[PDB]
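The sequence lines fix the lettering, A, B, ..., with proteins before strands; numbering per chain opens at 1. FYI, side chains are in, hydrogens and waters are out, and symmetry mates aren't considered; it's all heavy atoms of this structure.
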There are 2 protein chains.
Amino acid sequence: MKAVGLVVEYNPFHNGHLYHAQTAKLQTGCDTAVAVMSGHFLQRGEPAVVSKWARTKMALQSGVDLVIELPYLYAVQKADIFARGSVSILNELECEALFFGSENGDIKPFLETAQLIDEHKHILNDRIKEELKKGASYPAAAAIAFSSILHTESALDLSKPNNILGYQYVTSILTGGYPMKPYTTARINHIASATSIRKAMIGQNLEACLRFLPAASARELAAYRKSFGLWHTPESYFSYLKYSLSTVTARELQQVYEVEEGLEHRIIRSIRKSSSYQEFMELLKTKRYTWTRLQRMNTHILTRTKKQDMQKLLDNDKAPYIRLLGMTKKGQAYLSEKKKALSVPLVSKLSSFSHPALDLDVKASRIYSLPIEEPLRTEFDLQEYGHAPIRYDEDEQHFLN
Amino acid sequence: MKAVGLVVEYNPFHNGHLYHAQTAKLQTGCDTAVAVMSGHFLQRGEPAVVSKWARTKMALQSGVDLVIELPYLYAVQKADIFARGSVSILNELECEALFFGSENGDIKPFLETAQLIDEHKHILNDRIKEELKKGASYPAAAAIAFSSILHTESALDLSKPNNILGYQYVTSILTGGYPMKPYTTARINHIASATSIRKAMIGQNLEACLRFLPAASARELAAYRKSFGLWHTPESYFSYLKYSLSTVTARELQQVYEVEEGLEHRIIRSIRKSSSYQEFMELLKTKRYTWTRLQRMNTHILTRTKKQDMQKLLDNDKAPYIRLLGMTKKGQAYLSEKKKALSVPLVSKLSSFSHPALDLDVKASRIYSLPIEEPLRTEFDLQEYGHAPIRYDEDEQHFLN
Ligand SMILES: Nc1ncnc2c1ncn2[C@@H]1O[C@H](COP(=O)(O)OP(=O)(O)OP(=O)(O)O)[C@@H](O)[C@H]1O
Ligand SMILES: Nc1ncnc2c1ncn2[C@@H]1O[C@H](COP(=O)(O)OP(=O)(O)OP(=O)(O)O)[C@@H](O)[C@H]1O
């Protein structure tokens, strides 16, 4: 038996994510779907509207076999590091394939571009050279080099988000040396975006988005809103970011991952007079910082992650551990087969390992749950250490916990 | 001009404080009352019920001519350190008189006990070490070495808080040889304890205290809760203690003022499983910590005040500046008469002067607004800067700002 990897934030799990998990198998030919998922803070820098334990329960019912956490180390990063770490994880798990979405059903222009950029990298990087000399910025210089080779209309659209993610997936397998086959199909009960679906529940109104949500999801959601009493938004953390930037020194704020040299001063001026995450971000955005990148930096400023430590962990060539959130009986079976071949530990309960990348995952949790009104917060906190992998039986509805 | 020094924290200012301010000017023959008081976080360790700005106005309308902030540096401290710098600042302002209420209306056992203990201070450390070398503990060997004297019928229980602080103002004066004469009287439309009042306001009673609280003071409290929607309590900050203990390693928390070696692990461990600030404490209790010492510590954790910060600042034998919060007609002329005499910065606008001890007070003023809901909180943080030091017209009630 053979495995198809999916890189997913599942924010939340909806019918579209279903179209992914089912097409993957049919198109690749693998009877096993393994997803590596961003746990509590995602690639664009925002918190998951629900815990990674809940979203696991949803995915395990909707056709994913193994749910592995994408360590925070790799998860809050722009696409290439995100892809590098997530593709390493799928590599560790011997997935025969990688199934990623774009607005194209075709895996070809991802391929053709990759080599082109793979082979021209010298020409390219020598072409970035010449341009800085003319006094242009680096993004300028980079844009000028790309366009010489890449203005041939291939045409890979490096705008459409998930295509960028596709390119870096294909990229990472290529410089990785992984025996992995990238697949893909076109994105599209017509299906809704995860975004618009989020606004729904955020408006307290989860009823709008139901037909777009698989059944298992709605309950687990309703159960999560019933269990812990909120849905999680970025504005839930503003109060704690405001504490963070209060209790730090501009020398200390310089060392937080993604705070570039000099910005820490602008950072502190803005936060004092910022009455919302919205306003704060409004005072923050620069030419040097995209919207999303600020959400990333702000999340780091939330977990108080230092550059040096982050540099330490990125230097590792492979995922430090395999963090097991959940599994079906196929998942369990696929795992126990390959487990002996896993070269890094397999974490199910947190007492089975100690690594700096994992405290980071645990810390992210302890921060993530802050919005839950006490005592309800503390019950939640028992989960990271408490919650053992969630086990579903595809012979319907058996959770064994 | 003659001024009487008042060492106070008005939380709130009650009938015991109003009587204490009028008898201050009566019994000490001074035309002016100068108060040094804790701004936002106090000696007992807890947050002020209401901002230093408003509590100032319960004082100016109750007979205090001048109000200076006791910096966090001295304010949140053991009673030996607290008394020292309060007295230090009142002597800086050239107060010729000091006035404190007490469980012992008698200064004489205070001047006795003080003059008594130094006469023997060699006899003590010997009986201490003689107990110490015999395996006795610190407070035991001291309680034995101290009960080797003083233990006559005199009482003056220094098991009583007022006698403790009172002995400590007097000690700082004698040991300092200040030209400032100390005064005391016993503790007695009515009069209650600020604490039994406080717990009465937490018990959803305000006008209940109107028997036990003056007009201005009661006028001032309502308009606060009106604007910011709260009275500040220790629990209110619990979420920020969780959050702050959730980012910090053992080593770094180890470096926090008043965190004893190895107590970090217990703290980090205890905060996890505590769904209440009260629960957080019981777990933390070890005989080397009183409850106040544990409350004082939770403050230094919140504000992230470090041992090296503190000891470096505690070391000096003078006060770093005079922060002026507010004043009367009388108070102004006194500040104008003694202005040129101050050997340290008179800080009216915060803009004028920056000092690490000053950095500390503002950091505490930012931590103080945190339970306040925005947009109010963002505006509350305006007060530490663009607030003209308050001024009030003694004769027929006018604030000039
Ligand atoms: N309707 C859909 N059609 C095709 N692929 C989908 C669909 N919904 C999700 N996927 C795929 O599922 C995987 C995980 O999705 P993820 O949680 O990252 O959402 P997303 O596609 O980024 O959301 P959005 O569509 O709002 O941009 C990705 O490979 C994604 O392309
Ligand atoms: N009712 C009272 N009788 C006598 N002295 C008082 C009274 N209230 C306050 N004082 C004195 O006024 C001084 C300033 O007190 P502070 O503002 O520190 O409050 P406190 O003494 O902690 O409160 P409490 O009055 O509840 O003990 C203290 O030294 C205290 O002894």
Side-chain angles (χ1 to χ4, degrees), chain A residues 235-250 252 256 268-280 283 299-306 309 350 356 359-360 362-386, chain B residues 235-250 252-253 255-256 268-280 299-306 309 356 359-360 362-386:
Chain A
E235 180 62 35
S236 339
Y237 299 87
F238 185 61
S239 333
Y240 298 93
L241 176 85
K242 208 165 212 189
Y243 169 84
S244 180
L245 286 180
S246 273
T247 39
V248 95
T249 108
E252 289 186 325
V256 161
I268 288 153
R269 124 209 164 193
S270 295
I271 189 64
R272 206 79 283 145
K273 39 191 183 187
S274 300
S275 35
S276 79
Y277 193 56
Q278 181 58 16
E279 305 195 332
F280 177 53
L283 316 186
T299 288
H300 296 313
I301 296 173
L302 251 195
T303 68
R304 293 222 215 165
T305 300
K306 310 173 184 149
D309 295 318
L350 263 180
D359 309 334
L360 200 50
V362 178
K363 178 173 59 180
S365 266
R366 291 188 319 250
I367 273 71
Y368 178 81
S369 65
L370 279 161
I372 311 179
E373 219 177 352
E374 210 66 67
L376 314 172
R377 177 201 283 155
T378 289
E379 170 176 347
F380 175 96
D381 277 340
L382 306 178
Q383 288 207 306
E384 187 72 36
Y385 273 93
Chain B
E235 196 84 24
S236 308
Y237 297 83
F238 179 52
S239 271
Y240 303 94
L241 192 53
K242 207 150 211 177
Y243 166 65
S244 169
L245 288 180
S246 289
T247 48
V248 65
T249 52
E252 302 175 332
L253 175 54
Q255 283 326 101
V256 175
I268 284 142
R269 179 165 61 247
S270 296
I271 179 54
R272 306 290 141 81
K273 46 202 58 184
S274 298
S275 54
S276 111
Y277 190 110
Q278 158 106 336
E279 297 195 356
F280 181 43
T299 302
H300 306 319
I301 285 172
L302 281 153
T303 67
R304 295 280 200 111
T305 295
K306 277 179 304 297
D309 300 349
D359 286 350
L360 203 10
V362 184
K363 191 167 59 182
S365 286
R366 269 85 177 272
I367 304 282
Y368 183 78
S369 59
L370 293 188
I372 300 174
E373 332 266 43
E374 234 107 6
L376 315 161
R377 179 204 297 154
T378 303
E379 313 194 19
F380 185 96
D381 290 340
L382 266 191
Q383 297 168 133
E384 201 74 10
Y385 302 93

- Check whether any side-chain heavy atom of B:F280 sits under 4.5 Å from a side-chain heavy atom of B:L245, and report yes or no. yes
- So what's closer than 4.5 Å to chain B heavy atoms on A:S239: side chain, backbone, both or neither? both
- Message: Using a 4.5 angstrom heavy-atom cutoff, name the option from A:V248, A:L376, A:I271, A:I367 with the most pairs to chain B.
- Response: A:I367
- If you tally heavy-atom pairs under 4.5 Å between each of B:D359, B:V362, B:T247 and chain A, the highest tally belongs to B:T247
- Message: Need one label for A:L382: side chain, backbone, both or neither, based on atoms under 4.5 Å from any heavy atom in chain B.
- Response: neither
- Smallest separation among heavy atoms of A:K363 and A:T305, with atom names: NZ-OG1, 4.0 Å
- Task: Hey, can you tell me if B:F380 and B:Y368 have their rings parallel, tilted or perpendicular (30° and 60° cut-offs)?
- Result: tilted
- Query: With only heavy atoms counted, which part of B:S274 is less than 4.5 Å from chain A, the side chain, the backbone, both or neither?
  - Reply: backbone
- Show your reasoning for whether side-chain hydrogen bond (donor to acceptor under 3.5 Å, both in side chains) applies to B:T378 and A:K242. CA-CA 10 Å; B:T378 303; A:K242 208 165 212 189; 3.2 Å; yes
- Task: Name the region of A:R272, side chain, backbone, both or neither, that has any atom closer than 4.5 Å to a heavy atom of chain B.
- Result: both
- Item | Heavy-atom side-chain contact between B:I301 and B:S244 under 4.5 Å | yes
